[PDB]
2 protein chains.
Amino acid sequence: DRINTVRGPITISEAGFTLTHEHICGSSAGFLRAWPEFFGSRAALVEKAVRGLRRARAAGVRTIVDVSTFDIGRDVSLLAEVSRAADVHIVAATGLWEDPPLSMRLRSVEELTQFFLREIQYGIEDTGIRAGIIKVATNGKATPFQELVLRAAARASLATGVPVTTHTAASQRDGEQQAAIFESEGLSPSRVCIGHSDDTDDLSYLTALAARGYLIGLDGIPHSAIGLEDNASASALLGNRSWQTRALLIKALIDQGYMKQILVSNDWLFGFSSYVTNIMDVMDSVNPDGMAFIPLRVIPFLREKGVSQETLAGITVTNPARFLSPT
Amino acid sequence: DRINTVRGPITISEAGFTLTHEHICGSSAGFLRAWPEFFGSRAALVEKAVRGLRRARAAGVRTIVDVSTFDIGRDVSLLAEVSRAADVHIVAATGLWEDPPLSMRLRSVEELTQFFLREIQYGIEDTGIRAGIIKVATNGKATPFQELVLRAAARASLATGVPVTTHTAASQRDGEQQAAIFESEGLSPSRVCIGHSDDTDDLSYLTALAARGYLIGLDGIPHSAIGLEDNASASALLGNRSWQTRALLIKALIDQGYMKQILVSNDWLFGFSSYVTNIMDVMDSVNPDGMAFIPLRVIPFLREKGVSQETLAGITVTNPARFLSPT
Ligand SMILES: *[C@H]1CC[C@](C)(CC)CC1
Ligand SMILES: *[C@H]1CC[C@](C)(CC)CC1
Ligand SMILES: [Zn+2]
Ligand SMILES: [Zn+2]
Ligand SMILES: [Zn+2]
Ligand SMILES: [Zn+2]
């Protein structure tokens, strides 16, 4: 009956309009602490995040799910500060992404389960802030360690009811192996969002996942390097498909009967140290609306394409609440 | 005229008997903060380190150089606590080892130089504690990023006078490429210790480095899996050469005229999360003396083999002071 946020438990009705895959800062463990000048300063990063979340709140957003893990450099004290100043709920994540250090990569499935359970059930570091989601990742066929991470995420979710959300290389159909591993541990697909699924146009892949009961994360809608001229690093990161092409996948899944299984987000950030220098400036030039892009641009676009206000409210309010509520 | 420690500047004469390659904890960035239970508890790790350093101090040690970097999970607040409780000076390190995260691996040589200079000239995180050595690493041919790290370490040392110490795969003669890169930046070999050099018996490699002026780090003397039965992970980490075989390299370099260029250490730790679970228990069974192994076992061994007290005092007191004193 309660979702954990960086400011404590909230009721399901308090979540409201929820972006289910976002980041305050995409970094690495300990990096903001050791090298804040990379972001100008910690205070500058806080100010940029607060301004952005305030603009998102003005556009209707009430909650974001920050799916930054330990190895994305999640700083829940930073999240708590930004959430208080902007009056936007923030759900924090446990799990591991694609850059775990040796001290994680050498661990067993049982050890990883203990760590994920620590952050869900006890707290993150010494903050008492508890994670409300488990984030995992593959980029193609799972490494042996990533198989353990997926299994540990399933075990932590089975013990707590907290959902799992994934990073995929969608064009490699990673979600199929992720699903197989999750189901081998007994995890219900209704507890799992297969993310970055808007990175592919393969409807046979997307509907294969949705038919089994998975939630489908169409979470990078504004990610596009169309127009960026001669920027190889931005094109490799953002792709050459338009935001409209990504957004139309929302309509496609609605038209196939999966409106209750769609989760939509921007996968935006306010600082970004785990990629090339100045990528944040490039991304901000692509999408000045930042996290407000979903309510300000995507929802009107889909309404114009014939999607009802009621269905879009179900996707942005009802589905995230059903997903995040521990079950 | 001063060496920076985790408790502030000390005079050269205060350093005394110095172990030049040690670790309080071999971990990963943020790991002790996020998962202290891996070590039992933070307090248990502190207590184990204080007991060990007190036993080292009783055996004659006055200073250790903790060559844990950012990506070894260096916690200078932990080092400061242990150094105060044990009355042993601890010199902290900057640099990067073999497990840098994406936020480091994507950086330029200029950016890395800024980061190393930050930790030497300003402070580590928000602690005001300044590093007194720069640690770098290769395992075979340098990766492109490791080339940048070596160059940035050279630049930081050229600006500050602080020395550089390296991790090598000694049997692959890494020190030769490390030397080439350092010298291409104008760094004096007298500011560089090529470490893990006791991992090889190749005198042609060791003397090639010493002839150019490098300091030679014979820093893992008690590392041996001889006697360990059927432990593949311990054998891969520690090797099958005896501690006596490693220690006799000290005598070999003395006999070749390099007594002033030898640095000796244990490469010991009190916690170790970046390898297999329970490796610390295995290592402690191999060498119950821990960091006291050099004064309690190696120095008497070399005296029995004909090395003078005066030469061993030069190696353990004079050489570390000459190396660490900024120049
Ligand atoms: C909201 C109304 C229901 C549809 C039209 C699907 C029938 C989607 C938009
Ligand atoms: C101390 C005295 C000098 C030697 C014998 C090298 C001549 C080493 C031991
Ligand atoms: Zn991702
Ligand atoms: Zn993301
Ligand atoms: Zn090493
Ligand atoms: Zn070491």
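What full-extension length gain, to one decimal in nm, is calculated for A:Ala43 and A:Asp1 as 0.36 nm per residue of separation minus the Cα-Cα distance?
Difference between extended and current length: 11.6 nm.
Think of each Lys and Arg Cβ as +1 and each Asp and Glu Cβ as -1; about the Cα centre, that makes the dipole of the protein assembly as shown roughly 980 debye. Remark: the protein assembly as shown projects, on average over all directions, an area of 28.0 nm² (convex hull of Cα atoms). What separates the A:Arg51 label point from its copies, with the point 7 Å along Cα to Cβ, is 5.4 nm, written shortest first.
Could you work out the local net charge near A:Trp97, counting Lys and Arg as +1, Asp and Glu as -1, over the other residues with Cβ closer than 10 Å to its Cβ?
Values: positive: A:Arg74, A:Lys135; negative: A:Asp71, A:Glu98, A:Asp99.
With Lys, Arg at +1 and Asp, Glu at -1, the neighbours total -1.
For region A:117-174, the square roots a ≥ b ≥ c of the C-alpha gyration tensor eigenvalues yield an a/c of 1.5 or more together with a/b exceeding b/c, which makes the shape prolate.
Size descriptors for region B:126-262: radius of gyration and Dmax over Cα atoms are 15.7, 49 Å. Here is what passes the span test in chain A: the DSSP H helices with alpha carbon length of 18 Å or more along the helix axis and a Kyte-Doolittle mean of 0.0 or above are A:144-160, A:243-255. Summing charges over neighbours of A:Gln261, with a neighbour being any other residue whose Cβ is under 15 Å away from its Cβ, gives +2 when K and R count +1 and D and E count -1. Label points for A:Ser233 are taken 7 Å from Cα along Cα→Cβ. From this copy to the others they lie 3.7 nm apart, shortest first. Length gained on full extension, B:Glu304 to B:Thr245, computed as 0.36 nm times the residue gap minus the Cα-Cα distance: 19.8 nm. Spin-label model, B:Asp201/B:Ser235: points 7 Å from Cα along the beta carbon direction are separated by 1.7 nm. Between region A:1-35 and region B:102-171, what is the separation of their alpha carbon centroids in Å? The distance from the Cα centre of region A:1-35 to that of region B:102-171 comes to 33 Å.
Entry for chain B at q = 0.08, 0.11, 0.14, 0.15 Å⁻¹: log10 I(q)/I(0) = -0.31, -0.62, -1.08, -1.27, Debye formula applied to identical alpha-carbon scatterers, no solvent contribution. Pairwise Cα separations in region B:187-312 fall into 10 Å bins from 0 onward with the following percentages, short to long: 12, 42, 32, 13, 0.
Arranged by the count of other C-beta atoms within 10 angstrom, fewest first, what order do A:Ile216, B:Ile120, A:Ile72 take?
On the way: A:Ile216 23, B:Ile120 26, A:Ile72 32.
So the residues, fewest neighbours to most, are A:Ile216, B:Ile120, A:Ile72.
Relative to the other identical copies, A:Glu37 shows label-point distances of 3.9 nm, where the label point lies 7 Å from Cα along the Cβ direction and values run shortest first. From least to most packed, judged by other beta carbons within 10 angstrom and beginning with the fewest, B:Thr207, B:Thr166 follow the order B:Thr207, B:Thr166. Within region A:1-110, the percentage of alpha carbon pairs spaced more than 16 angstrom apart rounds to 60%. Taking every DSSP beta bridge that has both residues in region B:59-186, what percent is antiparallel when rounded to the nearest 5? Bridges in region B:59-186 are about 0 percent antiparallel. Taking amide H as placed 1.01 Å from N in the peptide plane, the amide H of B:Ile133 sits under 5 Å from that of B:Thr94, each at least 5 places away or on another chain. For A:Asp199, neighbours were defined as the other residues whose beta-carbon sits under 12 Å from its Cβ, and their charges (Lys and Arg +1, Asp and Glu -1) total -3. If you average the alpha carbon positions of region B:185-234 and of region A:240-287, how far apart do those two centres end up, in angstrom? About 50 Å separates the Cα centre of region B:185-234 from the one of region A:240-287. Each residue in B:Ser274, A:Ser27, A:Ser233 was given a count of other beta-carbon atoms within 10 angstrom of its own, and listing them fewest first yields A:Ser233, B:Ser274, A:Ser27.
Counting neighbours? That spans all protein chains shown, and the Cβs are built from the backbone with ideal geometry, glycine included. Bear in mind these aren't lab numbers, they're just calculated from the coordinates by the rules spelled out.
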